[PDB]
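Source file: entry.txt; contents: compact mmCIF, C-alpha atoms and all ligand atoms.
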# COMPACT_ATOMS: atom_id res chain seq x y z
CA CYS A 72 -40.92 142.26 -5.93
CA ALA A 73 -38.92 144.91 -7.78
CA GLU A 74 -40.09 148.52 -7.99
CA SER A 75 -41.09 147.97 -11.66
CA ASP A 76 -42.99 144.68 -11.13
CA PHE A 77 -46.65 144.62 -10.14
CA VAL A 78 -47.55 142.60 -7.02
CA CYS A 79 -50.65 140.43 -6.89
CA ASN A 80 -52.53 140.24 -3.59
CA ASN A 81 -50.67 137.03 -2.65
CA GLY A 82 -47.23 138.60 -3.21
CA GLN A 83 -46.68 137.19 -6.70
CA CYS A 84 -44.44 139.30 -8.94
CA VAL A 85 -46.06 139.66 -12.38
CA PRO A 86 -44.76 142.08 -15.05
CA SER A 87 -46.69 145.24 -15.84
CA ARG A 88 -47.09 143.82 -19.35
CA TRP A 89 -49.49 141.05 -18.34
CA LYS A 90 -52.53 143.15 -17.40
CA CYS A 91 -55.71 142.06 -19.23
CA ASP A 92 -53.65 139.48 -21.10
CA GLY A 93 -56.16 136.61 -20.96
CA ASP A 94 -53.95 134.52 -18.66
CA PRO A 95 -54.69 133.99 -14.91
CA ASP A 96 -51.22 135.03 -13.76
CA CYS A 97 -52.30 136.19 -10.29
CA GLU A 98 -53.62 133.43 -8.06
CA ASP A 99 -56.73 135.47 -7.23
CA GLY A 100 -57.28 136.49 -10.86
CA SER A 101 -57.90 140.12 -9.91
CA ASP A 102 -55.73 141.42 -12.76
CA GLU A 103 -57.93 139.51 -15.25
CA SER A 104 -61.36 140.47 -13.91
CA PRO A 105 -63.57 141.21 -16.98
CA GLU A 106 -65.32 144.18 -15.35
CA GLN A 107 -62.07 146.10 -14.77
CA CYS A 108 -60.60 145.20 -18.21
CA CA B 201 -52.14 138.06 -16.14
Written as C-alpha cells, how would this file's structure read?
Ligand SMILES: [Ca+2]
Amino acid sequence: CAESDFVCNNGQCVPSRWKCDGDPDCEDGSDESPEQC
C-alpha cells in the first residue's frame, strides 16, 4: 500500500478517510470496532 493509505491486518489498502465509517472495509473489521470508535 502507498505511504498515505492505511493497511488492514490482511494487507488491504483502505483510505484514511474510511475509519469509523460504518462499513466493514477491512476483512477483520478492526477499523470498525465499536469500542475503539
Ligand atoms: Ca471501513
Hey, which residues sit close to ligand CA 201 (chain B)? Say within 8 Å, counting all atoms listed in the file, and write them as an NGL selection string. :A and (85 or 89-97 or 100 or 102-103)
Quote the spacing between atom CA of residue 78 of chain A and atom CA of residue 106 of chain A in Å to one decimal place. 19.7 Å
Give the centre and edge lengths of an axis-aligned box, in Å to one decimal, that holds all listed atoms of segment 88-103 of chain A with 4 Å on each side, as lines of an AutoDock Vina configuration file.
center_x = -52.5
center_y = 138.6
center_z = -14.2
size_x = 18.8
size_y = 18.4
size_z = 21.9
Point-to-point distance in Å for atom CA of residue 99 of chain A and atom CA of residue 80 of chain A: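 Value for the atom CA of residue 80 of chain A-atom CA of residue 99 of chain A distance: 7.3 Å.
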Which polymer residues, protein or nucleic acid, are no farther than 9 Å from (-54.6, 139.0, -1.9), counting all atoms listed in the file, as a ChimeraX atom specification? /A:79-82,98-99,101
Would you mind exporting the chosen residues as a tab-separated table (two decimals), in the coordinates of the input, restricted to C-alpha atoms?
chain	number	residue	atom	x	y	z
A	79	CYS	CA	-50.65	140.43	-6.89
A	80	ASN	CA	-52.53	140.24	-3.59
A	81	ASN	CA	-50.67	137.03	-2.65
A	82	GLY	CA	-47.23	138.60	-3.21
A	98	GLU	CA	-53.62	133.43	-8.06
A	99	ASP	CA	-56.73	135.47	-7.23
A	101	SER	CA	-57.90	140.12	-9.91
Provide segment 74-99 of chain A rebuilt to N, CA, C and O atoms, formatted as a PDB file, in the coordinates of the input.
ATOM      1  N   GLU A  74     -39.290 147.298  -7.905  1.00  0.00           N
ATOM      2  CA  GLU A  74     -40.090 148.520  -7.990  1.00  0.00           C
ATOM      3  C   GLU A  74     -40.879 148.608  -9.294  1.00  0.00           C
ATOM      4  O   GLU A  74     -41.893 149.315  -9.336  1.00  0.00           O
ATOM      5  N   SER A  75     -40.449 147.912 -10.347  1.00  0.00           N
ATOM      6  CA  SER A  75     -41.090 147.970 -11.660  1.00  0.00           C
ATOM      7  C   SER A  75     -41.994 146.773 -11.935  1.00  0.00           C
ATOM      8  O   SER A  75     -42.521 146.663 -13.047  1.00  0.00           O
ATOM      9  N   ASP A  76     -42.189 145.884 -10.961  1.00  0.00           N
ATOM     10  CA  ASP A  76     -42.990 144.680 -11.130  1.00  0.00           C
ATOM     11  C   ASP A  76     -44.241 144.778 -10.263  1.00  0.00           C
ATOM     12  O   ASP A  76     -44.148 145.032  -9.057  1.00  0.00           O
ATOM     13  N   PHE A  77     -45.403 144.578 -10.879  1.00  0.00           N
ATOM     14  CA  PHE A  77     -46.650 144.620 -10.140  1.00  0.00           C
ATOM     15  C   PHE A  77     -46.742 143.414  -9.201  1.00  0.00           C
ATOM     16  O   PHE A  77     -46.251 142.323  -9.505  1.00  0.00           O
ATOM     17  N   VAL A  78     -47.381 143.626  -8.051  1.00  0.00           N
ATOM     18  CA  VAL A  78     -47.550 142.600  -7.020  1.00  0.00           C
ATOM     19  C   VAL A  78     -49.022 142.223  -6.967  1.00  0.00           C
ATOM     20  O   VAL A  78     -49.885 143.086  -6.757  1.00  0.00           O
ATOM     21  N   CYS A  79     -49.311 140.938  -7.154  1.00  0.00           N
ATOM     22  CA  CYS A  79     -50.650 140.430  -6.890  1.00  0.00           C
ATOM     23  C   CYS A  79     -50.899 140.416  -5.380  1.00  0.00           C
ATOM     24  O   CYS A  79     -49.989 140.604  -4.567  1.00  0.00           O
ATOM     25  N   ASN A  80     -52.161 140.193  -5.002  1.00  0.00           N
ATOM     26  CA  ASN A  80     -52.530 140.240  -3.590  1.00  0.00           C
ATOM     27  C   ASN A  80     -51.828 139.177  -2.755  1.00  0.00           C
ATOM     28  O   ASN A  80     -51.691 139.357  -1.540  1.00  0.00           O
ATOM     29  N   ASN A  81     -51.381 138.081  -3.367  1.00  0.00           N
ATOM     30  CA  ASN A  81     -50.670 137.030  -2.650  1.00  0.00           C
ATOM     31  C   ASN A  81     -49.163 137.245  -2.592  1.00  0.00           C
ATOM     32  O   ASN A  81     -48.458 136.402  -2.027  1.00  0.00           O
ATOM     33  N   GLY A  82     -48.652 138.339  -3.161  1.00  0.00           N
ATOM     34  CA  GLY A  82     -47.230 138.600  -3.210  1.00  0.00           C
ATOM     35  C   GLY A  82     -46.548 138.199  -4.498  1.00  0.00           C
ATOM     36  O   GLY A  82     -45.336 138.406  -4.626  1.00  0.00           O
ATOM     37  N   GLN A  83     -47.283 137.636  -5.454  1.00  0.00           N
ATOM     38  CA  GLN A  83     -46.680 137.190  -6.700  1.00  0.00           C
ATOM     39  C   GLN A  83     -46.217 138.377  -7.529  1.00  0.00           C
ATOM     40  O   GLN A  83     -46.931 139.373  -7.666  1.00  0.00           O
ATOM     41  N   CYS A  84     -45.021 138.256  -8.102  1.00  0.00           N
ATOM     42  CA  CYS A  84     -44.440 139.300  -8.940  1.00  0.00           C
ATOM     43  C   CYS A  84     -44.768 138.974 -10.393  1.00  0.00           C
ATOM     44  O   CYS A  84     -44.308 137.960 -10.930  1.00  0.00           O
ATOM     45  N   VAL A  85     -45.560 139.837 -11.018  1.00  0.00           N
ATOM     46  CA  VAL A  85     -46.060 139.660 -12.380  1.00  0.00           C
ATOM     47  C   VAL A  85     -45.695 140.923 -13.144  1.00  0.00           C
ATOM     48  O   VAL A  85     -45.844 142.020 -12.585  1.00  0.00           O
ATOM     49  N   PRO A  86     -45.136 140.847 -14.355  1.00  0.00           N
ATOM     50  CA  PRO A  86     -44.760 142.080 -15.050  1.00  0.00           C
ATOM     51  C   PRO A  86     -45.955 142.995 -15.270  1.00  0.00           C
ATOM     52  O   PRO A  86     -47.111 142.569 -15.263  1.00  0.00           O
ATOM     53  N   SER A  87     -45.653 144.277 -15.478  1.00  0.00           N
ATOM     54  CA  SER A  87     -46.690 145.240 -15.840  1.00  0.00           C
ATOM     55  C   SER A  87     -47.296 144.919 -17.200  1.00  0.00           C
ATOM     56  O   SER A  87     -48.395 145.397 -17.504  1.00  0.00           O
ATOM     57  N   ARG A  88     -46.603 144.128 -18.018  1.00  0.00           N
ATOM     58  CA  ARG A  88     -47.090 143.820 -19.350  1.00  0.00           C
ATOM     59  C   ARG A  88     -48.353 142.974 -19.315  1.00  0.00           C
ATOM     60  O   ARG A  88     -49.190 143.084 -20.218  1.00  0.00           O
ATOM     61  N   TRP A  89     -48.523 142.140 -18.292  1.00  0.00           N
ATOM     62  CA  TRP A  89     -49.490 141.050 -18.340  1.00  0.00           C
ATOM     63  C   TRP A  89     -50.836 141.433 -17.722  1.00  0.00           C
ATOM     64  O   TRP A  89     -51.594 140.548 -17.308  1.00  0.00           O
ATOM     65  N   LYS A  90     -51.167 142.723 -17.689  1.00  0.00           N
ATOM     66  CA  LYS A  90     -52.530 143.150 -17.400  1.00  0.00           C
ATOM     67  C   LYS A  90     -53.451 142.831 -18.575  1.00  0.00           C
ATOM     68  O   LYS A  90     -53.073 143.007 -19.737  1.00  0.00           O
ATOM     69  N   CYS A  91     -54.677 142.401 -18.255  1.00  0.00           N
ATOM     70  CA  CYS A  91     -55.710 142.060 -19.230  1.00  0.00           C
ATOM     71  C   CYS A  91     -55.172 141.246 -20.402  1.00  0.00           C
ATOM     72  O   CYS A  91     -55.506 141.501 -21.562  1.00  0.00           O
ATOM     73  N   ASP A  92     -54.327 140.275 -20.094  1.00  0.00           N
ATOM     74  CA  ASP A  92     -53.650 139.480 -21.100  1.00  0.00           C
ATOM     75  C   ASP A  92     -54.388 138.196 -21.458  1.00  0.00           C
ATOM     76  O   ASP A  92     -53.979 137.509 -22.398  1.00  0.00           O
ATOM     77  N   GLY A  93     -55.461 137.858 -20.747  1.00  0.00           N
ATOM     78  CA  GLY A  93     -56.160 136.610 -20.960  1.00  0.00           C
ATOM     79  C   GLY A  93     -55.678 135.454 -20.113  1.00  0.00           C
ATOM     80  O   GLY A  93     -56.316 134.395 -20.135  1.00  0.00           O
ATOM     81  N   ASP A  94     -54.596 135.620 -19.354  1.00  0.00           N
ATOM     82  CA  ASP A  94     -53.950 134.520 -18.660  1.00  0.00           C
ATOM     83  C   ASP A  94     -54.098 134.755 -17.164  1.00  0.00           C
ATOM     84  O   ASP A  94     -53.741 135.843 -16.695  1.00  0.00           O
ATOM     85  N   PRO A  95     -54.594 133.772 -16.364  1.00  0.00           N
ATOM     86  CA  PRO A  95     -54.690 133.990 -14.910  1.00  0.00           C
ATOM     87  C   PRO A  95     -53.342 133.959 -14.202  1.00  0.00           C
ATOM     88  O   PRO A  95     -53.001 132.972 -13.543  1.00  0.00           O
ATOM     89  N   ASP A  96     -52.551 135.022 -14.347  1.00  0.00           N
ATOM     90  CA  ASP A  96     -51.220 135.030 -13.760  1.00  0.00           C
ATOM     91  C   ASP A  96     -51.274 135.172 -12.240  1.00  0.00           C
ATOM     92  O   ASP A  96     -50.548 134.477 -11.520  1.00  0.00           O
ATOM     93  N   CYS A  97     -52.125 136.061 -11.733  1.00  0.00           N
ATOM     94  CA  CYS A  97     -52.300 136.190 -10.290  1.00  0.00           C
ATOM     95  C   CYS A  97     -53.194 135.075  -9.784  1.00  0.00           C
ATOM     96  O   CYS A  97     -54.151 134.674 -10.454  1.00  0.00           O
ATOM     97  N   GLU A  98     -52.879 134.569  -8.589  1.00  0.00           N
ATOM     98  CA  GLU A  98     -53.620 133.430  -8.060  1.00  0.00           C
ATOM     99  C   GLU A  98     -55.075 133.771  -7.792  1.00  0.00           C
ATOM    100  O   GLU A  98     -55.948 132.903  -7.908  1.00  0.00           O
ATOM    101  N   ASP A  99     -55.360 135.024  -7.439  1.00  0.00           N
ATOM    102  CA  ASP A  99     -56.730 135.470  -7.230  1.00  0.00           C
ATOM    103  C   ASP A  99     -57.410 135.949  -8.508  1.00  0.00           C
ATOM    104  O   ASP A  99     -58.622 136.193  -8.491  1.00  0.00           O
TER     105      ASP A  99
END
